[PDB]
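Presented as structure tokens, the chain that follows is alone, the form deposited in one PDB entry.
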């Protein structure tokens, strides 16, 4: 069923990228950018530079540790899901 497939992909996608550099269960700035470019390309705006990307990183990383953990990653995904829920995305 797509929903369990969907939940599984959501979890899977986190590790596919988190365990490449450093802490294997957190996404560093480099790991987060590849995940967004490769997996959520439909959502990217027109600014692809590191400065623009850094602003976003700062938004997700609640506990301020220059990394995005799984908890933080789900929050982000839910925020995306809710945004897509409105009449007009944004």
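Numbering follows the first chain given and starts at 1. C-alpha atoms forming the largest set that superposes within 1.5 Å between two forms make up the rigid core. Shifts are known only where both forms have a C-alpha.
One more form of this protein should be noted, the form solved in complex with a partner chain, which is absent from this view; the next part is about it.
The closest non-hydrogen atom of residue 71 lies within 4.5 Å of its partner chain in the deposited bound form.
In the deposited bound form, residue 59 approaches its partner chain with a heavy atom inside 4.5 Å.
Although the partner is absent from this view, residue 78 contacts its partner chain in the deposited bound form, with a non-hydrogen atom inside 4.5 angstroms. Core-superposed comparison between the shown form and the other one: one run of at least three consecutive shared residues with Cα shifts of 2 Å or more is located, at 87-90.
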